[PDB]
Amino acid sequence: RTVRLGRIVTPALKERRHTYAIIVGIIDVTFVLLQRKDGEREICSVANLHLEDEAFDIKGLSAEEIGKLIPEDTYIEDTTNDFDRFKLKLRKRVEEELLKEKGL
Amino acid sequence: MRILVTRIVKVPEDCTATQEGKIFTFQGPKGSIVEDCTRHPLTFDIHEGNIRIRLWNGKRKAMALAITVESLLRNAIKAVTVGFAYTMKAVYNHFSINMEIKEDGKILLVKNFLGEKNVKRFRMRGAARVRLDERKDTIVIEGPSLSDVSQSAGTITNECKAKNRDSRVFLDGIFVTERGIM
Amino acid sequence: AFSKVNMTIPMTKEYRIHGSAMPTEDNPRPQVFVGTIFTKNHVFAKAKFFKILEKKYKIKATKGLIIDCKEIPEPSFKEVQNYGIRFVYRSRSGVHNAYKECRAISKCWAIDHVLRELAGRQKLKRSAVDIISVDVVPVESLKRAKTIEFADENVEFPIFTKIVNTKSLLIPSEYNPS
Amino acid sequence: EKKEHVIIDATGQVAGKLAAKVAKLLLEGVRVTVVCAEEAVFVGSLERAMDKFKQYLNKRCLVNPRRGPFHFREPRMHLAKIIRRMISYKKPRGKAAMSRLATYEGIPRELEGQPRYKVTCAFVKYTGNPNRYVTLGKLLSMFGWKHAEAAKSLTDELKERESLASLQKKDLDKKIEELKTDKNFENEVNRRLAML
RNA sequence: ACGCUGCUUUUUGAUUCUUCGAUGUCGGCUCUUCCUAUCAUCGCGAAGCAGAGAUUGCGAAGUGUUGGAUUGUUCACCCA
RNA sequence: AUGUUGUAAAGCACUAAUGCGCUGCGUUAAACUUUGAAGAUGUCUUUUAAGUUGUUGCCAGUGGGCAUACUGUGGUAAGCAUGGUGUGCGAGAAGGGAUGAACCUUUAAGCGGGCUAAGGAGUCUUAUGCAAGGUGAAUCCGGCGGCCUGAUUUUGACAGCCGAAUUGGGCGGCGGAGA
Ligand SMILES: Nc1ncnc2c1ncn2[C@@H]1O[C@H](COP(=O)(O)O)[C@@H](O)[C@H]1O
């Protein structure tokens with residue numbers, strides 16, 4: 001994978017790796033200019049990025065033609081206070097107590 | 001500096017290259033060769049049956065290394081297709097220099113050499129055979145490798161030198177006179 | 001993607017100043033001067049404006065007047081261009097001139113980037129440098145090869161630095177943290 | 001009071017950067033064993049590392065060398081001495097911390113199926129000299145260490161029989177998977193679930 | 001050559017910080033250890049190096065470096 | 001508001017020095033001065049600002065000092081000897097500089113709650129990161145996507161027909177000999 005105009009990127013930590021951005025400018029070997037899904041442009045260094053395997057062409061795309069190519073955020077808020085996640089662990093305990101007498 | 005630099009090494013008809021993670025293996029109609037490149041920071045691959053080498057953002061010491069690695073690969077290619085063969089000649093003033101072959105061109109003995117009672121003995125490097133040409137006093141060294149043919153000849157020259165006397169008068173030794181082809 | 005340290009707001013600022021000598025009744029309505037200064041600090045900019053007038057004319061700060069001081073704001077839209085920066089700097093043994101092109105997103109971001117490169121290559125602080133001018137160079141008046149090559153579109157290259165993708169102290173034995 | 005235990009693997013780890021972190025674990029009450037102690041590395045050239053070990057050997061009490069400093073040539077004993085000098089070991093709180101450490105060349109037999117860890121900051125590929133280093137086993141073999149071929153053997157025999165144990169485990173994961181997708185299976189378990 | 005720049009602590013000066021209810025003050029004999037700025041032995045360069053004999057330089061401190069006449073001598077100077 | 005001064009620097013008007021060209025060019029001064037600072041030092045006005053002492057009794061210790069920032073004199077020089085202005089140790093703990101009379105912070109151990117200074121944040125040992133370069137003298141040598149100046153070249157340079165850059169002087173950081 002290469003640095004180029006139109007490459008998709010993601011942050012480096014494996015958590016917080018559910019957001020996206022696109023490259024819209026190259027300053028030197030270390031610094032690029034990004035545009036996030038919301039409209040903001042920012043300067044980041046390539047030691048904080050993780051290059052994805054899809055790229056595009058952006059020639060006349062102004063700011064919104066070029067902002068419809070960013071994928072959407074794949075994050076899910078959570079629930080299940082204490083009783084919701086008690087049942088799921090309850091369902092599995094019976095399997096091993098049965099799966100033991102069946103060997104395996 | 002540049003953003004990219006590329007070098008190409010042509011692979012002829014008979015040679016058949018092969019690559020297992022930076023290690024290159026050649027096989028022509030004269031033997032095989034293993035040219036290992038695991039320690040260099042460059043990119044290798046075979047493009048249209050040729051060898052390609054690339055370097056991104058190298059300064060000047062990495063660019064000098066990329067051109068020396070390219071010319072060691074074209075030396076390994078023409079070793080297993082044509083081979084190498086060096087020719088040496090012994091010259092003297094008073095004492096005849098007698099030479100012998102012991103194994104199948106693996107050992108070379110050097111007799112009298114300035115009246116010495118000592119007998120010098122040379123062992124050829126791997127995959128190189130010593131022969132005896134017929135001019136009057138001449139040997140030939142041949143094999144499918146430049147590394148071993150040239151190091152076997154350079155040892156013989158370095159070890160016949162007449163210690164502790166004026167080198168402008170005692171001009172005896174064994175020299176290389178023809179770097180050629182098998 | 002976030003960087004967690006803001007690199008898009010520069011440390012340098014720009015000010016446009018009008019100044020004069022302090023009026024008297026032997027010299028009422030004196031001459032007015034104007035100029036721009038790149039620095040931090042409203043207060044730092046006024047003192048440098050008077051060191052300028054004091055060395056060409058002989059007007060000092062204790063007998064001078066500041067009439068106006070304006071800070072130019074950053075651009076709202078961001079876009080990479082080419083720049084050229086005239087300056088002089090002080091050495092262990094004298095004063096010298098230099099030119100130094102580069103790429104940036106504004107005039108003050110381009111000065112931050114030139115200072116950032118003189119700190120490793122010549123070991124200068126920031127107070128040893130004076131800026132004479134900053135301007136945008138179109139594409140074909142470029143004097144350096146490094147900017148002509150990056151100013152192209154369809155530029156491409158891989159990167160070879162590593163990446164830390166976790167902030168733990170111990171990782172499992174077969175994990176590849178990069 | 002603590003009873004935690006950690007096995008640390010040193011294969012591509014800078015020896016000083018690992019020692020400083022292993023010593024902070026010992027002071028906070030954790031038991032550590034370092035295995036494969038001959039595979040830690042030193043950044044640089046072999047000529048630079050031999051010159052530094054040669055100055056170490058020169059230190060010697062002239063009056064009576066039996067009292068004098070002791071120069072260890074085994075990789076497990078030498079790397080244990082680098083961890084000891086990271087801390088104040090004459091005092092009683094430091095004597096206790098050194099009681100919680102063990103070191104080995106290769107991998108011993110008892111620690112065969114247990115998980116190992118690496119230190120995230122001591123990987124040699126984060127420096128600017130990746131591909132210029134010396135292992136602790138090659139440096140020490142040039143000053144007297146004999147058992148360098150018997151250590152590579154013992155580690156590969158354990159790796160191979162730790163890879164077979166992974167094939168038996170993976171196939172049972174597929175035979176148990178089909179049973180969970182059964183007919184008499186579910187109608188049974190739905191009854192045990194029925195009686196809460 | 002005429003000029004110019006350094007290092008050591010083996011000379012002899014310059015100084016007076018420590019010791020005057022006391023640190024036994026020259027040399028030899030005996031015995032051990034360290035330095036290299038190497039005299040010999042090992043390896044190797046240069047020449048106005050033909051050979052022989054020497055002269056000049058580099059790596060190198062492992063091992064060696066004596067017996068006598070005259071003087072208390074250190075030192076000096078001769079014999080083998 | 002109104003008086004006094006002859007140092008630094010500079011200069012040749014006096015005293016004393018110093019090369020040439022036949023009016024100019026060249027070099028000097030603790031015991032030379034035609035000039036001449038920064039700084040010091042007198043007086044008037046609180047009918048200027050800001051702030052808020054006079055007279056006298058009985059008596060002790062002390063009269064070997066030393067350090068330093070800046071600044072002189074003698075000396076080849078000295079952790080040497082001897083002057084000037086301020087501040088310290090002496091008679092000054094505590095925090096920091098690994099260790100230290102004098103260095104930097106700061107002025108003294110009652111019981112609680114908050115915040116900083118000097119100095120620091122891999123580990124001993126309380127506490128985070130971002131970026132650019134990189135991997136003891138005279139006197140010599142190399143390098144850099146650094147900078148300043150010149151010359152040559154697609155009408156084909158430099159190196160030895162080929163097809164694109166070549167090169168002379170300097171400067172500023174960095175490294176190597178001298179060691
Ligand atoms: N500048 C470079 N240009 C070309 N190949 C490189 C460069 N730097 C490293 N490599 C090679 O690319 C690989 C680097 O990726 P990695 O081994 O994952 O660190 C190795 O195979 C190197 O030989």
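Values below: every heavy atom of this structure, side chains too, minus hydrogens, waters and symmetry copies. In what follows, every chain begins at residue 1, and chains take the letters A, B, ... in the order their sequences are listed.
A straight line from NZ of C:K123 to P of F:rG173 spans 11 Å, rounded to a whole angstrom. For B:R168 and E:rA50, the CZ to P distance is 7 Å, given to the nearest whole Å. In this structure, CG of C:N6 is placed 19 Å from P of F:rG129, rounded to the nearest angstrom. Distance, B:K61 NZ to F:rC174 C1': 12 Å, rounded to whole Å. Spacing between atom NE2 of C:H113 and atom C1' of F:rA131 amounts to 10 Å, rounded to whole angstrom units. Whole-Å rounding puts the C:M7 CE to F:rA131 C1' distance at 7 Å. Rounded to an integer number of Å, the gap from C:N82 CG to F:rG145 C1' is 16 Å. Computed from coordinates, the A:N48 CG to F:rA131 P distance equals 7 Å when rounded to whole Å.
Atom CE of C:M11 has 12 or fewer heavy atoms from other residues, nucleotides or ligands within 6.0 Å.
Comparing the same atom, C1', in E:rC4 and in F:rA137 gives a spacing of 12 Å after rounding to whole Å. Taking atom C1' on both F:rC162 and F:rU135, the two are 40 Å apart, rounded to the nearest angstrom. Nucleotides E:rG64 and E:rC31 are separated by 15 Å at their P atoms, to the nearest Å. F:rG74 and F:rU43: their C1' atoms are spaced 44 Å apart (whole Å). To the nearest whole angstrom, the two P atoms, one in F:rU68 and one in F:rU33, are 39 Å apart. When the P atom is compared between F:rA177 and E:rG59, the two are found 14 Å apart, to the nearest whole Å. Remark: the separation of the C1' atoms in F:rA50 and F:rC59 is 41 Å, to the nearest Å. Comparing the P positions of F:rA164 and F:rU154 gives an interatomic distance of 14 Å, to the nearest angstrom.
Geometrically, C:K13 does not engage C:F38 in a cation-pi contact, judged by NZ or CZ lying under 6.0 Å from the ring centre and within 45° of the ring axis.
Here the straight-line distance linking atom OG of C:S106 with atom OH of C:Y83 works out to 6.0 Å at 0.5 Å rounding. From A:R17, atom CZ reaches atom NZ of A:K14 across 4.5 Å, with rounding to the nearest 0.5 Å. Residue B:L42 holds its CG atom at 10.5 Å from CZ of B:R54, rounded to the nearest 0.5 Å. Between the CG atom of D:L136 and the CD1 atom of D:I82 there is a distance of 7.0 Å, given to the nearest 0.5 Å.
Applying the 3.5 Å cutoff to both bonds, F:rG3 and F:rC66 do not register as a Watson-Crick or G-U wobble pair.
Taking a pair as Watson-Crick or G-U with both hydrogen-bonding distances under 3.5 Å, the stems of three or more pairs touching RNA chain E are E:66-68 with E:78-80.
Counting non-hydrogen atoms under 4.0 angstrom, B:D166 reaches a base of the nucleic acid. D:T127 comes within 4.0 angstrom of nothing in the nucleic acid, heavy atoms only. Residue contacts shown for C:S3 are absent, as no nucleic acid heavy atom lies under 4.0 Å away. Residue contacts for B:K59: at a heavy-atom cut-off of 4.0 Å it reaches the sugar-phosphate backbone alone, with no base atom in range. D:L62 comes within 4.0 angstrom of sugar-phosphate atoms only, judged by non-hydrogen atoms across all strands, and of no base. In this structure, C:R144 reaches the sugar-phosphate backbone alone: every heavy-atom distance under 4.0 Å involves primed, P, OP1 or OP2 atoms, never a base. Across all strands, D:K91 comes closer than 4.0 Å to no nucleic acid atom at all (heavy-atom distances). The residue C:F150 sits close to a base: some heavy atom pair falls under 4.0 Å.
Screening residues 88-114 of chain C for salt bridge (charged side-chain N to carboxylate O under 4.0 Å, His left out) gives C:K100-C:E117 as the qualifying pairs, with residues at least two apart or on separate chains.
Using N1 to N3 plus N6-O4 or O6-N4 for Watson-Crick, or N1-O2 and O6-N3 for G-U wobble, each under 3.5 Å, F:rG92 pairs with nothing. When both pairing distances are held under 3.5 Å, F:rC25 makes a Watson-Crick or G-U pair with F:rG19. Pair assignment for F:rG146 gives F:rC171, based on Watson-Crick or G-U wobble hydrogen-bonding distances that are each under 3.5 Å. Across the strands present, F:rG72 finds its partner in F:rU82; the criterion is a Watson-Crick or G-U wobble pair with both atom distances under 3.5 angstrom. As the counterpart of F:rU99, no nucleotide is assigned, since no Watson-Crick or G-U wobble pattern has both distances under 3.5 Å. Partner assigned to F:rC161 is none, using Watson-Crick or G-U wobble distances below 3.5 angstrom. In this entry F:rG129 has no Watson-Crick or G-U wobble partner, no candidate having both defining distances under 3.5 Å.
Between C:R92 and A:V29, it is A:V29 whose nearest contact on RNA chain F lies nearer the 5' terminus. With the nearest nucleotide of RNA chain E identified for both B:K161 and B:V169, B:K161 has the one nearer the 5' end. Between C:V5 and C:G120, the residue anchored closer to the 5' end of RNA chain F is C:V5, taking for each the nucleotide with the nearest heavy atom.
Checked by atom type, the side-chain pair C:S3/A:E42 shows a donor-acceptor distance below 3.5 Å. At a cut-off of 3.5 Å, with distance as the only test, a side-chain donor of D:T11 or D:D9 sits close to an acceptor on the other residue.
For F:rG133, its base never sits under 3.5 Å from the side chain of C:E117 at any donor and acceptor pair.
Using the sign of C1'-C2'-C3'-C4' as the criterion, F:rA102 is classed as south-puckered.
Glycosidic torsion of F:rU52 falls outside 90° of 0, placing the base in anti. Glycosidic conformation at E:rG57 (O4'-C1'-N9-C4 for purines, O4'-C1'-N1-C2 for pyrimidines): anti, more than 90° from 0. The glycosidic torsion of F:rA37 lies more than 90° away from 0, which places this base in the anti conformation. Using a 90° window around 0 for the glycosidic torsion, E:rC49 falls inside it and is classed as syn.
Residue A:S45 places at least one side-chain N or O under 4.0 Å from the OP1 or OP2 atom of F:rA131.
Near RNA chain F, meaning a heavy atom under 4.0 Å from it, residues 16-55 of chain D has D:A20, D:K21, D:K24, D:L27 in order of number.
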task = Kindly indicate, with the supporting measurements, whether the criterion ring-ring contact (aromatic ring centres under 6.0 Å, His included) is fulfilled by D:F143 and D:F53.
result = CA-CA 9 Å; D:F143 292 95; D:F53 199 81; 4.8 Å; yes

message = Set out, in order, the CA-CA distance, both residues' side-chain angles and the distance that settles side-chain contact (heavy atoms from CB on, under 4.5 Å) for B:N50 and B:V9, then state yes or no.
response = CA-CA 6 Å; B:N50 294 319; B:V9 190; over 6 Å; no

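For B:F95 and B:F113, the distance between ring centers is not under 6.0 angstrom.
Base stacking between strand neighbours F:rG75 and F:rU76 is not detected by the criterion of six-membered ring centres within less than 5.5 Å and interplanar angle below 30°. Stacking between E:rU65 and E:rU66 does not hold, since their six-membered rings do not have both centres below 5.5 angstrom apart and planes below 30 degrees. Stacking of the bases of E:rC26 and E:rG27 is indicated, with six-membered ring centres separated by less than 5.5 Å and ring planes inclined by less than 30°.
Aromatic ring orientation, C:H113 versus C:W109: parallel (interplanar angle below 30°, classes split at 30° and 60°).
A salt bridge links C:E149 with B:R2; the closest basic N to acidic carboxylate O contact falls under 4.0 Å.
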